[PDB]
Amino acid sequence: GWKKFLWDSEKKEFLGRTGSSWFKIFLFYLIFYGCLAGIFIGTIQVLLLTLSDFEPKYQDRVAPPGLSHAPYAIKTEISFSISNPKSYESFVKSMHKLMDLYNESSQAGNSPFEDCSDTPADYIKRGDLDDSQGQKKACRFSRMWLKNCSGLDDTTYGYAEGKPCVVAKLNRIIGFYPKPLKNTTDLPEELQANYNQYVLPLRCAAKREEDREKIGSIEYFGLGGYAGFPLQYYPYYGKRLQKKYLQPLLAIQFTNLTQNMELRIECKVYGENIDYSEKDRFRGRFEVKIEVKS
Amino acid sequence: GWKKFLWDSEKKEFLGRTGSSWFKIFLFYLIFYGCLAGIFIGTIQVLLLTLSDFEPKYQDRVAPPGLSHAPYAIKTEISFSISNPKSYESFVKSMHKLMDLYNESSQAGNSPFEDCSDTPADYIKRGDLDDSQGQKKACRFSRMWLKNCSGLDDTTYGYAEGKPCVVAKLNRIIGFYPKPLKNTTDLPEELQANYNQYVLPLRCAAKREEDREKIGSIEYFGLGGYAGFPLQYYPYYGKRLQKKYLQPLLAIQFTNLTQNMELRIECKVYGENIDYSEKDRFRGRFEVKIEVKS
Amino acid sequence: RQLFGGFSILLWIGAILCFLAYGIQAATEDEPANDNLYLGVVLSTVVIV
Amino acid sequence: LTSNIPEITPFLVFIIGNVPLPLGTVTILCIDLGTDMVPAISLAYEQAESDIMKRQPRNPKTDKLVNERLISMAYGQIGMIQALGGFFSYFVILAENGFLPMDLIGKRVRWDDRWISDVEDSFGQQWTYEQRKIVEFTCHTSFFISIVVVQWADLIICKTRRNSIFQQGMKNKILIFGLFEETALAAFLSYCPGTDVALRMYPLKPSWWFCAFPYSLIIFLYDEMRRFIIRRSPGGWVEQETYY
Amino acid sequence: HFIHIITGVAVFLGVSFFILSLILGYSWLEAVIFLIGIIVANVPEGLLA
Amino acid sequence: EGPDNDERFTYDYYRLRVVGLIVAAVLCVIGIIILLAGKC
Amino acid sequence: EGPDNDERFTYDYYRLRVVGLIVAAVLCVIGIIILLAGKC
Ligand SMILES: C=C(/C=C\C[C@@H](O)[C@@H](O)[C@H](O)C/C=C/C=C\[C@@H](O)C[C@@H]1O[C@H](C[C@@H](O)[C@H](O)C[C@H]2O[C@H]([C@H](O)[C@H](O)CC[C@H](O)/C=C/[C@H](C)[C@@H](O)C[C@]3(O)O[C@H](C[C@@H](O)CCCCCCC[C@@]45C[C@@H](C)C[C@@](C)(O4)[C@@H](C[C@@H](C)CCCCC[C@@H](O)[C@H](O)[C@H](O)[C@@H](O)[C@H](O)[C@H]4O[C@H](C[C@H](O)[C@H](O)/C(C)=C/[C@H](O)C[C@@H](C)[C@H](O)C(=O)N/C=C/C(=O)NCCCO)[C@H](O)[C@@H](O)[C@@H]4O)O5)[C@H](O)[C@@H](O)[C@H]3O)C[C@@H](O)[C@@H]2O)[C@@H](O)[C@H](O)[C@H]1O)CC[C@H](O)[C@@H](O)[C@H](O)[C@H](C)C[C@H]1O[C@H](/C=C\[C@@H](O)[C@H](O)C[C@@H]2C[C@@H]3C[C@H](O2)[C@@H](CC[C@H]2O[C@H](CN)C[C@H]2O)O3)[C@@H](O)[C@H](O)[C@H]1O
Ligand SMILES: CCCCCCCC/C=C\CCCCCCCC(=O)OC[C@H](COP(=O)(O)OCC[N+](C)(C)C)OC(=O)CCCCCCC/C=C\CCCCCCCC
Ligand SMILES: CCCCCCCC/C=C\CCCCCCCC(=O)OC[C@H](COP(=O)(O)OCC[N+](C)(C)C)OC(=O)CCCCCCC/C=C\CCCCCCCC
Ligand SMILES: CCCCCCCC/C=C\CCCCCCCC(=O)OC[C@H](COP(=O)(O)OCC[N+](C)(C)C)OC(=O)CCCCCCC/C=C\CCCCCCCC
Ligand SMILES: CCCCCCCC/C=C\CCCCCCCC(=O)OC[C@H](COP(=O)(O)OCC[N+](C)(C)C)OC(=O)CCCCCCC/C=C\CCCCCCCC
Ligand SMILES: CCCCCCCC/C=C\CCCCCCCC(=O)OC[C@H](COP(=O)(O)OCC[N+](C)(C)C)OC(=O)CCCCCCC/C=C\CCCCCCCC
Ligand SMILES: CCCCCCCC/C=C\CCCCCCCC(=O)OC[C@H](COP(=O)(O)OCC[N+](C)(C)C)OC(=O)CCCCCCC/C=C\CCCCCCCC
Ligand SMILES: CC(C)CCC[C@@H](C)[C@H]1CC[C@H]2[C@@H]3CC=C4C[C@@H](O)CC[C@]4(C)[C@H]3CC[C@]12C
Ligand SMILES: CC(C)CCC[C@@H](C)[C@H]1CC[C@H]2[C@@H]3CC=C4C[C@@H](O)CC[C@]4(C)[C@H]3CC[C@]12C
Ligand SMILES: CC(C)CCC[C@@H](C)[C@H]1CC[C@H]2[C@@H]3CC=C4C[C@@H](O)CC[C@]4(C)[C@H]3CC[C@]12C
Ligand SMILES: CC(C)CCC[C@@H](C)[C@H]1CC[C@H]2[C@@H]3CC=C4C[C@@H](O)CC[C@]4(C)[C@H]3CC[C@]12C
Ligand code: NA
Ligand code: NA
């Protein structure tokens, strides 16, 4: 048993058979798995063919666009002490990582960046979704536009003295045209003043009615001084057709924030092709928990 | 045109293209015709698998059996002069070719030939259609049984003095059991006498009523002296299972044949699983035109 | 022996764990999710069937 | 025993290759209860192949029920094929929604992070957390259907081990019932309005149902030939190796 | 008897997947979670019934 | 293809569900008919 | 398989012709229906 089944020397067997059998079974399995691999690779190549390089075949899942933010907060909470410097480092590292892509050195020369209206404007169409007129051109977005949250004056961006900033950003979607609400009698209260048609408004508030009083002055920084996104940076043509493309950003400073207390702040964008979802808490709006404990 | 289209030396072109193109097209056609050949060979191998080696899948076309004869007459006519020897050579060569397979030297030893009843007998079953009991055994058929047409005494077989012979033969069919007509009140006139159940009767006559008188004495030679085929040589098991198998034969001497006149003689076999066809003049019966012009 | 044998025991655990996952959620987080409650309601039905 | 391979391979590539999970918990439970309960029971009721009395008796010492050949056919040959069949539907769903195959190796670490709402796909778009989880669930449902589709073939080939199905015939009614019923279960769970909230299955588009068809025909044709060679050559290599 | 052999193969593979996990950097806890899951997925269920 | 290209972001899931349910019901009926044909 | 194995040499060509004709007529009808649907 023990020995005879492992190796016998009369029939010249290992594990139960001689050798020729092992050679035939091994050869068969090698050829079989080779045919299987080849067929799988061919059926996957036909699929790599079917699709187009400039446009995803289905765009119903990423619509409408979301609303992400920097810093990178886990559980949507921004808690840091004004004394211990090693408390807001994970936040500043992220904020810096995001703003580090808008350096003027990167946006240099005529290509592939072109100058655009310093004031909000309308859409700009650079053609169809082809390779005919080569790489398209994207509008420049300067860092300095964000006034007190730019990392150029106060690298920390505010976390140093109990005045934090939040750089909001709209999710990039190919061929998506933002449509703001019109001046008709039906419009939220907030949006009435400064109705620049060319700007998509973003406005933050308090989740609960009580927290209203505990929240101070929400100071929005953006293109032209408005609290929104200029329509001129749309639409987006995709990575392949618009490499080196920069999406607008909006800075939000939560000045006069009550100390030692968790505040729930909900920011929300408004527009026609903008819709929220009770399941996805990042579709169009976003929630942040701020607690400047010092 | 004439020269430029054949060979130009600036673009290095032959018949219209350079070379790389010829290499790509030739390579493509080679690979393509290789895939085609391989697929055809595989689809033909599956077919070579499907069938059995001991039995044709369909046996409805060769049924019932025919009735062939030696000599080999073209247009079913046997015309030869009794004086010129170079007139019946093509016939004797054939007759000899057929009888040359029944030489006793070939049927020698215990295998694979066994002795059978010298008188007609019943069927003999050597088992099923398998390879279990190896090569089956077939009954011996001696040349001498044919008395005056054997090529052993008068090599010519009769054509030398205006008395020809005709060796009739039943077409070999696998698993075919010959069934003769029973003794009931309904039976042809001829068959009544010598009703050996074990013998399949063969009887020749004249196609037209007039020719009757011009035809002489039809002398049949066979196993046991009867004008038929003994049932003991059936059934036939096929080449693969019964190599070195000999089928019965029946000699017919047309003695007393009128000289210098075309005679139409029709020979016919009788039996249950025997049926004639108005389209096939060799199914069960056969026609011969004899004219011994001298 | 049928509902509480040897292989079904592990499934009984899966169900327990998931229910605790929903309790800590509803007690803590405002407006929770429900993938855990339905996961437990499905697992329990599997052991029973 | 054949369905074991497609349920384990996803958890293997997921951990090793670091790709999004192809099969989950709810979908796996659906596979076990759907394609393995009724079709299996139907097999018991099968009729006898002609050959039953035309074959030698058995020596219990030399011939056992579970030998080294059953695992060869189920795990090794048939199984790996059902696994490839499900992987194709998975790759197709992702490629069409924007995520290609080359970019998928390593996205798990980032994929499973509820906090990165900015996930970027191949075409450069930015995806949130539930927007990408929805596509992953559409892959779970497709995998499930690809499994039922390949099961069709596995079940058909299981009726006979020496004769063909053209010889044996489709006179078993319970087996047919199983084929129609399973197909119905998959279509119902994928299209019903509310399974999304409760079971986490999403509707499947029409061009996807067919992804598993080539792998379903290959299994049937392979077994048919595998048998022809057996019938023609007794005591050959095929009978020594694959006849269970 | 068969079930026994398979169980042996399964327990072995569990410990193996464990070394692969720790040589790849997971958490001591994740390796035991994998061992438990793999051994549960390799043993067949239903045969005797 | 112009600002009002909203169709590129819409899908008729309703019709798909309706057809899928019709098919499911039909297949299930066929199954019952075959399983019970004859009362045995 | 015994002397009375005549079945091995018989084929039911009659039934085959009947079915082939039924099919031919059906296919031809389908064709006419499709070609003339609408009177144009
Ligand atoms: C029900 C099950 C059980 C659980 C189910 C579970 O899922 C769920 O129910 C959940 O529980 C739900 C429950 C919820 C409960 C409550 C919640 O509701 C409520 C909420 O929960 C939330 C949490 C929740 O949100 C969570 O997230 C859930 C997840 O949890 C898991 C997480 O991941 C993870 O736990 C996160 C938690 C946390 O992280 C834990 C950390 C650790 C505890 C600990 O570290 C922390 C900490 O330190 O612990 C301290 C306590 C200490 O006393 C402990 C002592 C430690 C002992 C140390 C010894 C280690 C050891 C051990 C030895 C044996 C070997 C050895 C080698 O290592 C040896 C060596 C020594 C020498 C090492 C010494 C190290 C020293 C360490 C210690 O000292 C301590 O660390 C130290 O003291 C510390 O204090 C100190 O700080 C130290 O820090 C550092 C230490 C390091 O960190 C650490 O050491 C590290 C890194 C080690 C690294 O390994 C090192 C490596 C790099 C390596 O060395 C390396 O370099 N390699 C380099 C290689 C290299 O270069 N190579 C180069 C190559 C060159 O060639 C530092 O270094 C040190 O120095 C320092 O000292 O010794 C102390 O407390 C603290 O300190 C603490 O911090 C994960 C899950 O559990 C769960 O999802 C809460 O946040 C929330 O607040 C609460 O409200 C069964 C599971 C199922 O069966 C299974 O299916 C399972 O579900 C799947 C598997 C899931 C997977 O798939 C899922 C998707 C689908 C699945 O479901 C599918 O189903 C899968 C299926 C499975 C199978 C197969 C197939 O697929 C299917 C087929 C089945 C089919 O077939 C069937 C047929 N039968 C039919 C059909 O079914 O079934 C996925 O979704 C899953 O994600 C996925 O996982
Ligand atoms: C929407 C979903 C549709 C799904 C469609 C699925 C179609 C089927 C897929 C492939 C079919 C081809 C498989 C052929 C494999 C070889 C089978 C074989 O070799 O069987 C051998 C048997 C002979 O047995 P025996 O003589 O020993 O029996 C003796 C019986 N005793 C003992 C009573 C005398 O032969 C027989 O039974 C005769 C049976 C002949 C059947 C021929 C079928 C082939 C015709 C077309 C195939 C398709 C080609 C490509 C199609 C792509 C489609 C888009
Ligand atoms: C687009 C491409 C897709 C390719 C995917 C491949 C899928 C799987 C591939 C092939 C599987 C299907 C093969 C069907 C085989 C039919 C064979 C057949 O026809 O053999 C004729 C039999 C023989 O008759 P006999 O009297 O000579 O037998 C005498 C028996 N003795 C001797 C014991 C008395 O006749 C009988 O069995 C009686 C009549 C039975 C008629 C059965 C019809 C139902 C067949 C399948 C049902 C569909 C299941 C799928 C459900 C999903 C739908 C949504
Ligand atoms: C054979 C075993 C194999 C498989 C076994 C699986 C075991 C699973 C056992 C139980 C699972 C129970 C699943 C419960 C079904 C859903 C219940 C539920 O929790 O629903 C919640 C939803 C509410 O969602 P929401 O408000 O967030 O939507 C917002 C939509 N927005 C925002 C886009 C507009 O309710 C709605 O949507 C309303 C829709 C209600 C759905 C009615 C469907 C009826 C469900 C089952 C009956 C079918 C039995 C089969 C009978 C066969 C007869 C031959
Ligand atoms: C999406 C695609 C759908 C369709 C895919 C179809 C794939 C299936 C095609 C073939 C099935 C592969 C089966 C593998 C079995 C081969 C094993 C073999 O090698 O067994 C050889 C045996 C020898 O047995 P022995 O006893 O003498 O061994 C004595 C050994 N000693 C001497 C050591 C004792 O048999 C012989 O040599 C003679 C018998 C040779 C049989 C060749 C059968 C070829 C049939 C089909 C292939 C063609 C398909 C064309 C389709 C084109 C697709 C693009
Ligand atoms: C023995 C065999 C007997 C068989 C007899 C069958 C008789 C025929 C009965 C039904 C035939 C089909 C009925 C068609 C109506 C289906 C209802 C439907 O099309 O609903 C669709 C909408 C869902 O909303 P949405 O797509 O806009 O969501 C957004 C989608 N997103 C999230 C992807 C964006 O529904 C809604 O809103 C409201 C939904 C209200 C509740 C619908 C109930 C559906 C559940 C079960 C009924 C089907 C039973 C089939 C039985 C098969 C046997 C296995
Ligand atoms: C606008 C579209 C309008 C379409 C309306 C169609 C209405 C339906 C009309 C006919 C439907 C099918 C009728 C079935 C009867 C067929 C007759 C039949 O089964 O005969 C078989 C026997 C043949 O003898 P056997 O097999 O024993 O020979 C021995 C065979 N061996 C040599 C191989 C051994 O017949 C005999 O003996 C006696 C034969 C007597 C004459 C039969 C006439 C058949 C010729 C034409 C009729 C079919 C027209 C179909 C129109 C299609 C449109 C393109
Ligand atoms: C056993 C048989 C049926 C397997 C046949 C496998 C065929 C489909 C496989 C074998 C090798 C494969 C090729 C390998 C490499 C490339 C280069 C790539 O840039 C395009 C696809 C292409 C050209 C593959 C196409 C599919 C292919 C030809
Ligand atoms: C391009 C692809 C699809 C062509 C594949 C061709 C396949 C079907 C061909 C290529 C070579 C062929 C083999 C060549 C030689 C033999 C030996 C013979 O005694 C049995 C058939 C067998 C084993 C053939 C089977 C069919 C075969 C394997
Ligand atoms: C195996 C053979 C005999 C039958 C094969 C049946 C296949 C082709 C059937 C089974 C279930 C069917 C699906 C059932 C439901 C739907 C949803 C509908 O909105 C589009 C068609 C689609 C996707 C069907 C396509 C055809 C389908 C996949
Ligand atoms: C191409 C697709 C869409 C349809 C394919 C139709 C094929 C399968 C149809 C066309 C004509 C049909 C044949 C018409 C007549 C007969 C004679 C009958 O006694 C046996 C069946 C048989 C031999 C049919 C078999 C099926 C057949 C070959
Ligand atoms: Na299983
Ligand atoms: Na199981």
Legend entry - From A:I31, A:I41, A:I74, residue being within 16 Å of ligand 1 (Cβ to nearest atom), exposed (fewer than 13 other Cβ atoms within 10 Å of the Cβ) and within 14 Å of chain D (Cβ to nearest Cβ): A:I74
Inset, instruction - Give the residue, chosen from B:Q107, B:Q135, B:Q197, that is in contact with a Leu (Cβ under 9 Å, 6 or more places away or on another chain) and without any contact (Cβ under 8 Å) to a residue 60 or more places away in the chain. - result: B:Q197
Inset, instruction - Those residues that are within 8 Å of ligand 1 (Cβ to nearest atom) and not aliphatic (A, V, I, L, M), I need them from segment D:4-54; list them, please. - result: D:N4, D:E7, D:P10, D:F11, D:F14, D:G24, D:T25, D:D32
Legend entry - Residues of segment D:112-151 that turn out to be in contact with an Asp or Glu (Cβ under 8 Å, 6 or more places away or on another chain) and not charged (D, E, K, R), as a count: 9
Inset, instruction - Would you mind telling me which numbered condition in (1) closer than 21 Å to A:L51 by Cβ; (2) at the interface with chain A (Cβ under 9 Å from one of its Cβ atoms) D:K107 fails? - result: (2)
Inset, instruction - Of the conditions (1) among the aliphatic types (A, V, I, L, M); (2) away from chain D (no Cβ under 13 Å); (3) over 21 Å from E:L35 (Cα atoms), C:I16 clears all except one; give me its number. - result: (3)
Inset, instruction - Answer with yes or no whether D:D32 is away from ligand 6 (no atom under 16 Å from the Cβ), surrounded by fewer than 18 Cβ atoms within 10 Å (Cβ to Cβ), away from chain A (no Cβ under 14 Å) and not in a helix (DSSP H, G or I). - result: no
Legend entry - Within segment A:4-28, tally of residues that are of a type outside the set (A, V, I, L, M, F, W, C) and within 12 Å of another protein chain (Cβ to nearest Cβ): 5
Legend entry - Tally, over segment C:1-12, of residues that are within 14 Å of E:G37 (Cα to Cα), free of Cβ contacts under 8 Å to residues at least 24 places away in the same chain and facing another protein chain (nearest Cβ under 10 Å): 2
Inset, instruction - Say whether the condition of being crowded, with 18+ Cβ neighbours inside 10 Å, out of contact with any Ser or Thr (no Cβ under 8 Å at 6 or more places or on another chain), closer than 23 Å to A:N273 by Cβ and in the same structural domain as A:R240 (by CATH) is met by at least one residue in segment A:142-164. - result: no
Legend entry - Residue that is touching a helix residue (DSSP H, G or I) at 6+ places or on another chain (Cβ under 9 Å), more than 16 Å from ligand 2 (Cβ to nearest atom) and over 27 Å from F:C40 (Cβ atoms), where the choices are D:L65, D:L70: D:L65
Legend entry - Qualifying residue in segment D:123-135 (condition: part of a loop (DSSP other than H, G, I, E, B), within 14 Å of chain A (Cβ to nearest Cβ), buried (at least 20 other Cβ atoms within 10 Å of the Cβ) and touching a residue at least 24 places away in the same chain (Cβ under 8 Å)): yes
Inset, instruction - Determine whether B:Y102 is surrounded by 11 or more Cβ atoms within 10 Å (Cβ to Cβ) and within 14 Å of chain G (Cβ to nearest Cβ). - result: no
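The rows are residues; the columns are (1) under 30 Å from G:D12 (Cα atoms); (2) in contact (Cβ under 8 Å) with a residue 24 or more places away in the chain.
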residue	(1), (2)
B:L47	yes, no
B:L51	yes, no
B:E55	yes, yes
B:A63	yes, yes
B:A73	no, yes
B:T76	no, yes
B:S81	no, yes
B:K86	no, no
B:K93	no, no
Legend entry - Answer residue from segment G:2-18, given it is part of a helix (DSSP H, G or I), surrounded by 10 or more Cβ atoms within 10 Å (Cβ to Cβ) and not aromatic (F, W, Y) and is nearest to ligand 8 (Cβ to nearest atom) among those: G:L16
Legend entry - Any chance D:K54 is within 16 Å of ligand 2 (Cβ to nearest atom), free of Cβ contacts under 8 Å to residues at least 24 places away in the same chain and of a type outside the set (G, A, S): yes
Inset, instruction - Report, ordered by the first and then the second residue, all pairs with beta carbons closer than 7 Å, sequence separation of six or more or different chains, a first member in segment E:5-29 that is over 16 Å from E:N42 (Cβ atoms) and of a type in the set (A, V, I, L, M, F, W, C), and a second member that is part of a helix (DSSP H, G or I) and near ligand 1 (Cβ under 8 Å from one of its atoms). - result: E:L22/E:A31
Inset, instruction - With the condition kept exactly as written, say whether any residue in segment C:34-45 is in a loop (DSSP other than H, G, I, E, B), more than 11 Å from ligand 1 (Cβ to nearest atom) and within 14 Å of chain D (Cβ to nearest Cβ). - result: yes
Legend entry - segment D:1-28: number of residues that are hydrophobic (A, V, I, L, M, F, W, C) and more than 14 Å from ligand 12 (Cβ to nearest atom): 9
Inset, instruction - Output yes when any residue across segment D:171-185 is part of a helix (DSSP H, G or I), within 10 Å of another protein chain (Cβ to nearest Cβ) and of a type in the set (K, R), and no when none is. - result: yes
Inset, instruction - Filter segment A:44-66 down to residues that are more than 8 Å from chain D (Cβ to nearest Cβ), surrounded by 12 or more Cβ atoms within 10 Å (Cβ to Cβ) and among the small types (G, A, S), then give me how many there are. - result: 1
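Listed here are the residues, each with its yes/no results for (1) surrounded by 18 or more Cβ atoms within 10 Å (Cβ to Cβ); (2) assigned to a loop (DSSP other than H, G, I, E, B); (3) within 12 Å of chain A (Cβ to nearest Cβ).
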| site | (1), (2), (3) |
| --- | --- |
| D:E7 | yes, no, no |
| D:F14 | no, no, no |
| D:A40 | no, no, no |
| D:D51 | no, no, no |
| D:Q56 | no, yes, no |
| D:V66 | no, yes, no |
| D:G85 | yes, no, yes |
| D:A95 | yes, no, yes |
| D:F99 | yes, yes, yes |
Legend entry - Pairs, first at positive phi in segment F:24-39, second away from ligand 9 (no atom under 16 Å from the Cβ) and assigned to a helix (DSSP H, G or I), C-beta under 9 Å, six or more apart: none
Inset, instruction - For segment D:136-143, state whether one or more residues are more than 9 Å from every other protein chain (Cβ to nearest Cβ), of a type in the set (F, W, Y), in a helix (DSSP H, G or I) and more than 24 Å from D:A74 (Cα to Cα). - result: yes
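Numbers and lists here come from the model and the stated rules, or from a named source; nothing here is a laboratory result. Every residue, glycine among them, receives a Cβ derived from its backbone with ideal geometry; neighbour counts consider all protein chains shown.
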